[PDB]
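**Student:** piece number one of the complex, untouched:
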Amino acid sequence: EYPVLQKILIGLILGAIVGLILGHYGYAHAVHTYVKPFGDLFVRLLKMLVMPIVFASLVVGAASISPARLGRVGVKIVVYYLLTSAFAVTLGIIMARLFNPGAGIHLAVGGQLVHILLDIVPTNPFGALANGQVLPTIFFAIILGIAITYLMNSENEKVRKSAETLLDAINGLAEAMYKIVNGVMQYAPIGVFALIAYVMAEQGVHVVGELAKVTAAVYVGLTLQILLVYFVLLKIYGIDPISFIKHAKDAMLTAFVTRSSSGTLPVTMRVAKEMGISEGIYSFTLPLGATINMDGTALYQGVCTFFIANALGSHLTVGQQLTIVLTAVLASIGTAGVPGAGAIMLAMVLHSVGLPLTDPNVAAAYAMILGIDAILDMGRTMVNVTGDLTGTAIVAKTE
Amino acid sequence: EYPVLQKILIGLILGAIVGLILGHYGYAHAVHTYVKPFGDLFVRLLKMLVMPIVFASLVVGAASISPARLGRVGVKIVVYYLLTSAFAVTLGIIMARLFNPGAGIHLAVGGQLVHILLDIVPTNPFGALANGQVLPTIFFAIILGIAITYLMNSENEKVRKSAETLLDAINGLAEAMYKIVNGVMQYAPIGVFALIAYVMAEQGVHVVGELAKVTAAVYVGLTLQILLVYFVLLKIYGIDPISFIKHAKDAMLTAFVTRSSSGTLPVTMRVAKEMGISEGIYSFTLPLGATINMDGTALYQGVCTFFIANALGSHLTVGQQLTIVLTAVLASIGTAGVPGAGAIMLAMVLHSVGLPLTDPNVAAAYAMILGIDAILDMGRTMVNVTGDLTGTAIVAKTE
Amino acid sequence: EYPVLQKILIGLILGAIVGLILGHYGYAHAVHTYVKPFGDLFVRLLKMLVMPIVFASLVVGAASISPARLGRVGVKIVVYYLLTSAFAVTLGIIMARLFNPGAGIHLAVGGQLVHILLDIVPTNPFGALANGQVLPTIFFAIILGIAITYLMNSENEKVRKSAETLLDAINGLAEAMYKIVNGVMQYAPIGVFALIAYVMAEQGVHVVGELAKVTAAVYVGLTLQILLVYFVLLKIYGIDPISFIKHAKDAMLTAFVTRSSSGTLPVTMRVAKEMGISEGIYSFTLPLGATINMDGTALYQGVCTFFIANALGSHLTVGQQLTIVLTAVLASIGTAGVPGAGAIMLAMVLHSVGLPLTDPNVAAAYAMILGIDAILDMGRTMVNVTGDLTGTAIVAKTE
């Protein structure tokens, strides 16, 4: 069309500024109703593609890889995702001591599954698809793909002819989705402009005071996470870090602007295609990654728990701090669903951190974080989306 | 089977008489529980086919036409649909002055979007399909069809092979639906018999009095609409009017008997196929037409607003009358959904006509219209369905 | 893997014993939360496959059989299913006089559709699939299959090419489900172990007393049903009874263990494939059979009505007894849906048997049956699943 990747940067910088201006003069609503819609439409289109592209891609990927292999890749990636997720909150806490974000806050307070695994097996695969539901889709999509392999090896040609057909056909759909992700991308500059403008209009005005301290703490945390873990692990597995960022650029910017791992999945999955990773590998991991792995979100969980505990002048035993890591890692898997999951998890860490949300001051401090949540979420997600790409590139390198 | 198109006329004439008899003797319920079901079953079958036939046909159509072309055809048709819709209410009003339907009615009364466009983009195409949802389907079906074109041009043969497959396969389904629409048609005589019998049993008994005047006004309005606009525009674009009616006959009769533009879409879409219009053209316009364009319904909206305003001896400023047109045109697009949309729109024109529905006399008059709604709706729909066919034949002629 | 069919028997015998032990010591809950889940996962997997495997298989079957033929086979099987169902309750009653199960129970009590056919026609085929809904699926699947035949006879090759494709592709999916049903089967021994263990834990402890008498009466009833009707009708149609049981063995054991006709439908449909019955025949009848025909459940309905009527010392006129048969046969078709349908039907026979459930003693006796319901349901289902297989083998023999 015109510039194109700049087009996005022009829109992002220009937007986040125009929004910050508009917001300061109390036009946040004016934006919301006039500007924000154009952003939605971007997210809309992306969502749309997810379900076919996840489904179709995985059948094909799973068909054209060995079974034990997924086994490998699965175990690898699951083990990966957890180490990065666990490590990432520890870097959050480390970032949280560096900036003391709960200083003042001159206020205080005293006071006091199997089913989930079962659910991965959809009872209606059609039903599965139809209502969002990424995980049961992943499950069935692999089962289907594997099946197909066995059908094309079958002695009967009349059989392999149907199996080939169905495969091709599914790939048709799969491929055609990658096609559309480029379409949907061309509207990305316009889309991106509206998304960040709206978020700066909403919670720009908020980054003032001790709340800037928490934001800075997160964002340095994320920047540090990328260089200390992702760049280190990329070098350590013989893949060039700076080339990676060239490739992931759209995935990463879309992730940052939408704040939806799910929503950004077709961009992320096109990036892995263009990096020339096999469908067998990314098709299984990236969608598993959208739901299982939430590194960047788990980082900010770490720093926010501190903001609140510092706020009330809570001890926060060093022994306690590691339980912050454990639960918030357990929480990210548990909140696969990204509807302000970040704030939910937070409410959760406090349910077990011992600080009841019902107590006003605990609420008060939570309230503040709520006012800054998108600003955090944008970052947290771009780190989340890099996390999977990285893992997937590493796990692909081992094959 | 037996006669066949007569079979329908025998059933229609025979039915609408038998129903009118049964009704006069208060057997309207007897009919309802014994006869009407047979009519349902006809509507049923038709419904069923819509979703696949709309979706499948459009992917193929959109695949096998130029992109800018849809652009053209879309603009053409959208512009068309509005002129015909706007014009049609003016002919309603013109018909409404001709017959004064609110004479007596010797009673009086005094007293005093973005989101929508967003919604066209489905977030789950599967979900879209599953729950009725024709528009988001139309969107995604075009997106898919276009994508496919680009896939069959791709340098990689392994690609074009999948794309071809998926295309073919979709057309298989598409074609197969046209197949079934002839099946479903063979039961049309029986189906038609029950539908009109039921409607004459229910609101035959009602066409007495000033209510006949509104009915006559509508029906002449519709007859006039066909000759003054559809026949005039057919000649004016070099297509033979009398031949058109030969072709549209089933589409038209089904439309009249069912009262669902949606429901009648497979018949209408088969009629366009048999007229030899390209799938690229009718596949996009006819389903758009089912929801956007409601000429015949908008005509009766015009005449009914008058019945009510005359009823209360309201001024109805000539300046006011044009706002009747504007809102009722804006309303037909808004109530794409045909569950007694006609009566809903009417309630809406009054919400803005200034006559509150809460006032008993305003309600009283409204009530009367309610009692005659099907009798109007049958007509109004047969005009609606001709409207799209015509538009689609004209737009096709331009290509 | 390892043994395999024994693997199932080892797990069944070992489980039903281990469960009975664990239950007697009040660990029923311990089982429920620790063991039962492994059983679920088995049912889960089987369910999943049903919808595609029913749908895909039938399109193909219906495509590749004559229309009038389904006509035949449908009529045959419908007439079959009813005779077997009617007969089976008469054998229940005959079994109920043999064992007097309402003896003591030294307690007494005195005191005092079209729509359904319409529903078979889905309005959204996609919607049909998506939400369970087997029947409207069957309907549309046949309509689709037949359609396709007509498309491959069509003069235009470009047509037959799509029709072939779509067919192939659907068969791909169909075949692939059969593939997965073997997968799902390999986990059957583990699956079966949890299912029966949980049911013995829950209602083992209950088979004590007059309740054993009803259980025995049912179970002899089912054993008798197989030999007196299924074996007799197999010989009488020239098919070897003992070979049948060899083939049906997985179908029958899965049916017994899950208690879901629906759930066991992919095993049952694989058994008919491996018996070499045509897809045209079993594809239409076995799914119809999962919902229409419930012989074994209707047998225990017959014996339970007696338990309760004996309990209160009700007359139970011999004329009354036949109305027990009629309604309980009408009830099985009516409760196609297997969520404890058996107890629902029972509540229904009493709604019309004259004994109101509201009366405590009527309830009391009902309560007892509720406590034994699974133990009965297991049996009743394994007879239900045999019922269709048999019918299907017989109707297949006539072709």
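**Tutor:** That came through fine. Numbering: from 1, shown residues only, chains lettered A, B, ... in the order given.
**Student:** from here on, contacts and neighbour counts on C-alpha atoms
**Tutor:** Will do.
**Student:** nearest residue to residue A:368 in space, ignoring adjacent ones along the chain?
**Tutor:** residue A:211 (7.4 Å; CA to CA, 6 or more residues apart in numbering or on different chains).
**Student:** let's check: the centremost residue of chain A is which one?
**Tutor:** Among the residues of chain A, the one closest to the centroid is residue A:261, at 3.4 Å (CA atoms, centre = their mean).
**Student:** what about that residue, distance to chain C?
**Tutor:** Using CA to the nearest CA, to the nearest Å, we find residue A:261 at a distance of 26 Å from chain C.
**Student:** again with residue A:31
**Tutor:** Residue A:31 sits 38 Å away from chain C, going by CA to the nearest CA.
**Student:** could you pull up the residues touching that residue?
**Tutor:** A:19, A:22, A:197-198, A:201 (CA atoms under 8 Å, 6 or more residues apart in numbering or on different chains).
**Student:** between those, which sits nearest residue C:223?
**Tutor:** residue A:198 (71.2 Å; CA to CA).
**Student:** not counting residues beside it along the chain, what's closest to that closest one?
**Tutor:** residue A:36 (5.7 Å).
**Student:** does the one you found touch residue A:190 like I think?
**Tutor:** No. If you go by CA atoms under 8 Å, residue A:36 and residue A:190 don't touch, sitting 10.7 Å apart.
**Student:** following sequence is chain D, place it on the structure:
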Amino acid sequence: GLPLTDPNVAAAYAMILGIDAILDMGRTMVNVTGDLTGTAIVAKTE
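**Tutor:** Chain D now in position relative to the chains above:
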């Protein structure tokens, strides 16, 4: 025997609804006289 659900039956009913107070005023003044009268008569019998 005239069901209110039938629109025209409703329509006519609607009209009456619009005049209901005008009727109710009168209807009540006659209602209140009714008891007073009855009460005066029954009092006269004692």
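**Student:** quick one on the thing from earlier: report how many residues lie close to the closest residue to the residue nearest to the centre of chain A other than its chain neighbours.
**Tutor:** What sits nearest to residue A:261 in space, not counting adjacent residues and going by CA to CA, 6+ apart, is residue A:290, at 5.2 Å. Residue A:290 has 27 neighbours, counted by other CA atoms under 10 Å in any protein chain shown.
**Student:** against which helices or strands is the host helix or strand of residue A:290 packed?
**Tutor:** Per DSSP states H and E: residue A:290 is located in helix A:279-292. In terms of contacts (3 or more CA pairs under 8 Å, 6 or more residues apart in numbering or on different chains; DSSP states H and E), helix A:279-292 is packed against helix A:36-63, helix A:67-98, helix A:134-152, helix A:265-274, helix A:318-334, helix A:373-397.
**Student:** one step back: let me know the secondary structure of the residue nearest to the centre of chain A.
**Tutor:** Under the three-state scheme (DSSP: H, G, I helix; E, B strand; the rest coil), residue A:261 adopts coil.
**Student:** would you mind giving both backbone torsions of it?
**Tutor:** The phi and psi values for residue A:261, taken as degrees, to the nearest 10, are phi -60, psi -50.
**Student:** same check, this time on the one 3 residues further on
**Tutor:** Geometry field for residue A:264 lists phi and psi as phi -90, psi 0, criterion degrees, to the nearest 10.
**Student:** then chain E, please:
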Amino acid sequence: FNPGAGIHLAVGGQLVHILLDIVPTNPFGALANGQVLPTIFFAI
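**Tutor:** This next block brings in chain E, placed alongside the chains you saw above:
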């Protein structure tokens, strides 16, 4: 007066407890919520 003349429109188509209630169960409750009849009863 023929009041349904026109109206040029047409249409075809197709206790013990109460006595018990007079006896309030709470006279105070009776008073408190409107309730004229049970009041009359108790008052007598």
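**Student:** now that chain E has been added, could you go back to the neighbour count of residue A:290?
**Tutor:** 27.
**Student:** ok, now the one 10 residues further on?
**Tutor:** For residue A:300, the tally of surrounding residues (other CA under 10 Å) stands at 33.
**Student:** can you tell me the closest non-neighbouring residue to it?
**Tutor:** Among residues not flanking residue A:300 along the chain, residue A:218 sits closest, at 5.6 Å (CA to CA, 6+ apart).
**Student:** wait, doesn't that neighbour sit right on residue A:303?
**Tutor:** Yes. Contact criterion CA under 8 Å: residue A:218 and residue A:303 qualify, at 6.8 Å.
**Student:** overlap in contacts of the two?
**Tutor:** Common neighbours of residue A:218 and residue A:303, counting by CA under 8 Å, 6+ apart, are A:92, A:95.
**Student:** compare those two (neighbour count), which wins?
**Tutor:** For residue A:218 versus residue A:303, neighbours defined as other CA under 10 Å are more numerous around residue A:218 (31 against 28).
**Student:** from chain E, how far off is the residue nearest to residue A:24 when sequence neighbours are not counted?
**Tutor:** The spatial neighbour of residue A:24 that comes closest, neighbours along the chain excluded (CA to CA, 6+ apart), is residue A:205 at 6.0 Å. The gap separating residue A:205 from chain E is 55 Å, by CA to the nearest CA.
**Student:** for residue A:205, give me its contacts.
**Tutor:** By CA under 8 Å, 6+ apart, residue A:205 lies in contact with A:20, A:23-24.
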